[PDB]
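# An overview of the molecular structure
What follows is the residue order along each chain.
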Amino acid sequence: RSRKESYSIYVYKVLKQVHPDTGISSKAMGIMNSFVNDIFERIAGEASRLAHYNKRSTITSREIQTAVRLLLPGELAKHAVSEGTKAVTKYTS
Amino acid sequence: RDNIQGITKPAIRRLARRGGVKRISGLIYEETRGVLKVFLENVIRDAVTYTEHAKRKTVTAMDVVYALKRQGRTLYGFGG
Amino acid sequence: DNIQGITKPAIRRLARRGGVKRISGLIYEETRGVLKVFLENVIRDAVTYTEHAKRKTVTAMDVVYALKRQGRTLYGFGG
Amino acid sequence: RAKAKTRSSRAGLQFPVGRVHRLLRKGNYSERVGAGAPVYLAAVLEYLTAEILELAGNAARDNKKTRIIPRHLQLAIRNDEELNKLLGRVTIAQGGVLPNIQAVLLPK
Amino acid sequence: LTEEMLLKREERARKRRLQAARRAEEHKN
Amino acid sequence: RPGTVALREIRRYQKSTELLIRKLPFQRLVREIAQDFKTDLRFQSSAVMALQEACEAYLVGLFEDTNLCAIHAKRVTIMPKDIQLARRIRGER
Amino acid sequence: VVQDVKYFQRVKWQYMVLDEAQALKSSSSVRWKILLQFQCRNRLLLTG
DNA sequence: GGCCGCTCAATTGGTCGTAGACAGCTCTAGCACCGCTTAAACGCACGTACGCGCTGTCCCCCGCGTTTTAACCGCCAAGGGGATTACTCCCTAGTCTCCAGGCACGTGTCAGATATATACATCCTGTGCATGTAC
DNA sequence: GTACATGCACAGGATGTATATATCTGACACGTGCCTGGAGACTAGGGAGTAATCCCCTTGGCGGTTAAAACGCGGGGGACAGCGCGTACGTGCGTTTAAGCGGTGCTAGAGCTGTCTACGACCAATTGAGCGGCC
């Protein structure tokens, strides 16, 4: 059978961190799943362009650092680049 | 048959009042109905082409969501 | 500060291709702002493609990819 | 080998590095998805998730309720000039619209 | 060529009483 | 008085969250507009709700742009020429 | 029964038992106002 | 002529039951993900070959500072077209019901057009030269 | 009437390709079961209509001054050579992820259990309006 494959666990694990007193309605879970899913397609789509725009075969942290810098607006871009470098810094040791 | 007139005069009043307009000249209704119908027509045609390609009779929520991505006028919360 | 080098006459000519019958004197200085902020979009995107390529030089492709991402693609440069 | 753990936990993330890698590698975005990409992307998605949830939680609490509903999300994003660029042409199911008037309308 | 609903009708008909009876025996305890 | 209850009506529909078009008239209108793309279509119950959410949102944004046209021309009264201006400068048609 | 009125009314309940029947002791009750209307022939009250 | 006496029709206060809808399970089962392989191709580091883009002085139509004017801006008050809101009746949208039928998905095994090893060949890109179109 | 950019051909290696091969994705045929098209009965709010009446947009006359169009004053933008910092090829070396086949965790489902608010509803207190007495 098919399976829903949603981000619902992880958006809830994050809500329970940022507002421990607060819950998610089933329709707001839909909006959050849509937002995560669309931003993944937007970033991975631009990363696939950015690889072929340099005729590189891989995608790595630099392709996605570039895609974040292009796709995100002001303060969110530098914050997302900071979070990506922090997670990769911990992951690489 | 004649269903474009089913967008009722109070429904236009309310939808325009959510849009914040103060006075509706009675000239507004039929052009607003036609404009709406043409936006529906584009979204429906696109959704029907996805449905025809998918070898499928039923138009799904995914087909209208993909038509809204194809038109760059996206809608979150219906899945995807 | 070099944006003042974009001339009031050139802004009249550029508006007259758009078919306007008459101008007003505030348009010239505000158009310089509109041009500067449009550049401050497309250049920063093009530089971001330039940096990804490890380049010092902003190429035709770097600005074409920015203009394509901005949804204002220009045919006749790159490919 | 004894006691496996998620690559999310190794990155210090909630978001699923395995799932993100799987989706990148079956989506045909590249012929070679290096593992730094899904870690970085999971972190980016988790940050955007935290920012948008925190704004929605503030909007919900300001509207005196302890649950995120699509109305509280629309009243978060249309109250932020950054996310109103990132989501600037997306529609929210049950979100409605921001309360707004041009000053020329108001009487007397 | 025309009786073809019967082999669909029976499959639903046997479900009706079974599920109603199943729920009417959650009412046991 | 007139125009005062018309203004007081704005704050009610801008605070309230429900759909303003009638479901059955909209449902038939989608099926009508589909008939000369294809006969004998089936529509999933969720799909027509999504189409209604998209259509009410498209009209609310077009009504804000209509209000901008009218108020720029120093009118509190909207006219079809405001829709013709908006649908041109939108880049749609 | 005080809620699902239509969905009881569509079936012809021939004969009625009503039970711990002190529940109907006020005409101001929405119970009493509704329960008068079911088209049964014989009504039997089990007043404890 | 005025106020209060007995009665009974009245707001105003706490437990019962439900239903929406999460919240957290409360497991549990399954299917992806993680682990630790065996392995090789893309990326780097490295130098090398070179246009290509900066930076120098010449030179004319373009930039820019002042001239009257006439039609466009925008005001003000007329003036009449028309939008709102008053109010009740009418009718079709809502709602849930339920059928019975179509058809979306499930899910099984078979098999054919695809990837790809490697062997061909002719297709069509860099450079040169002949000469005619827009200026 | 002019000659620099276009238009045709040479030189030649790579890329479009055929023959030869193994196989997993797609086609097909089967049924389950999900659920949507139809269609029924009734509710009672949404809408349309008749209707009253209030007020905005366009309109026409008029006065003001700004851009237009013309003109005078004078320099910086379009074009040629040298400088020297980058950009594009090609290789060795191997960093890096591939692709593999199991071991295990955690993520997902349906449902339970627990809300638990939050809503009508019933139940019992106690209070104001209803009608009558008195000097």
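Residues numbered from 1 in each chain as written, not as in the entry; some residues may be left out. Chains lettered and ligands numbered in written order. Part of a larger assembly, values for the part shown. Heavy atoms only, no water.

- Per the deposition metadata, cryo-EM was the technique used to determine this entry, at a resolution of 3.47 Å.

- By the naming in the PDB entry, chain G goes by Chromatin-remodeling ATPase INO80 and is assigned to Homo sapiens.
- The deposited PDB record carries the title "CryoEM structure of the human INO80 core-nucleosome complex state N-6".

- Per the PDB entry, chain B goes by the name Histone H4 and belongs to Homo sapiens.
- Regarding chain B, the UniProt comment filed under Sequence similarities reads as follows: "Belongs to the histone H4 family." (UniProt positions renumbered as here; feature names shortened; annotations may be inferred.)

### Here's the deal with the protein's contact with DNA strand H
- The full set close to DNA strand H counts 54 residues, and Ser2(A), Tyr12(A), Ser26(A), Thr58(A) and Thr58(B) are the nearest of them.
- Backbone atoms, meaning sugar plus phosphate, form 92% of the atoms of DNA strand H positioned within 4 Å of the protein.
- In the model, a phosphate oxygen of DNA strand H is placed 2.8 Å from a nitrogen or oxygen of the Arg67(D) side chain.
- A distance of 2.8 Å separates a phosphate oxygen of DNA strand H from a polar atom in the backbone of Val5(F).
- The residue inventory of the surface near DNA strand H, partitioned by class, reads twelve nonpolar, 15 polar and 27 charged. (Near = heavy atom within 4 Å. Polar contact = N/O pair within 3.5 Å; in protein donor to acceptor, adjacent residues only side chain to side chain. Nonpolar A, V, L, I, M, F, W, Y, C, P; charged D, E, K, R; others polar.)

### Brief notes about the interface of chain F and chain B
- The partner chain B presents 45 residues to the 52 residues of chain F that form the contact.
- When chain F packs against chain B, the two sides together hide about 5000 Å² of surface, and 73% of this comes from carbon and sulfur.
- Contact with chain B buries surface across chain F, with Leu20(F), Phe37(F) and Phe63(F) losing the most and accounting together for 12% of the total.
- In this structure, the connection of chain F to chain B is made through four salt bridges.
- In this structure, the salt-bridge partner of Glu9(F) is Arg17(B), at a minimum N-O distance of 2.8 Å.
- Among the elements of the structure, α1 (4–15), α2 (23–34), β1 (42–43), α3 (45–72), β2 (77–78) and α4 (80–89) of chain F are those that each provide at least two residues to the side of chain F that touches chain B.
- Considering each element in turn, the side of chain F that touches chain B owes the most residues, 16 residues, to α3(F).
- Across the side of chain F that touches chain B, the residue classes tally to 31 nonpolar, nine polar and twelve charged.
- As paired strands, strand β1 (residues 23–24) of chain B and β2(F) are joined by two bridges and run parallel to one another. In the strand pairing of β2(F), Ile24(B) is matched with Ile78(F). (Contact = heavy atoms within 4.5 Å. Buried area = accessible area lost by both parts, 1.4 Å probe. Salt bridge = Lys/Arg side-chain N within 4 Å of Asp/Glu carboxyl O. Helix = DSSP H or I, 4+ residues; strand = E, 2+ residues; numbered from the N terminus. Pairing = 2+ DSSP bridges.)

### Examining the interface of chain D and chain A
- Each side of the interface is counted separately: chain D has 54 residues, and chain A has 56 residues.
- Summed over both sides, the interface of chain D with chain A buries roughly 5100 Å², with 73% coming from carbon and sulfur.
- Three residues stand out in chain D for area buried against chain A, namely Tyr29(D), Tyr40(D) and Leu86(D), and they jointly supply 16% of the buried area on that side.
- At the surface where chain D touches chain A, the tally comes to two salt bridges.
- In this structure, the salt-bridge partner of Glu5(A) is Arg19(D), at a minimum N-O distance of 3.4 Å.
- Taken together, the connections running from chain D to chain A amount to 17 residue pairs in polar contact.
- Counting only elements with at least two residues in the side of chain D that touches chain A, the list comes to α1 (7–11), α2 (17–26), β1 (32–33), α3 (36–62), β2 (67–68), α4 (70–77) and α5 (83–86) of chain D.
- Looking at the side of chain D that touches chain A element by element, the count peaks at 19 residues for α3(D).
- When its residues are assigned to classes, the side of chain D that touches chain A shows 31 nonpolar, eleven polar and twelve charged.

### Brief notes about the nonpolar core
- Judged by nonpolar contacts, the single largest core of 121 residues is most densely connected at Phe40(A), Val68(A), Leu40(B), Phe15(D), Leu24(D), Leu87(D) and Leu51(F).
- It is α3(D) that contributes the most residues to this core, 16 residues altogether. (Core = buried A, V, L, I, M, F, W, Y, C linked by side-chain atoms within 4.5 Å. Buried < 20%, exposed > 50% of the residue type's maximum accessible area, 1.4 Å probe, protein only.)

### Here's the deal with the arrangement of the chains
- Taking contact number as the criterion, the leading pair out of six pairs of chains in contact is chains A and D.
- Spatially, chain D is disjoint from chain E: no contact exists, and the shortest C-alpha separation is 34 Å.
- Left apart from each other, chain F and chain G have a closest C-alpha approach of 24 Å.

### Some points on the environment of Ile64(A)
- Among the structural elements, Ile64(A) can be located in helix α3 (residues 61–71).
- Under the relative-accessibility criterion, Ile64(A) is labelled buried at 0%.
- In sequence terms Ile64(A) and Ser48(A) are 16 residues apart; their C-alpha atoms lie 9.5 Å from each other.
- Setting aside residues up to four positions removed in sequence, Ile64(A) forms contacts with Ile43(A), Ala47(A), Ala37(D), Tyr40(D) and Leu41(D).

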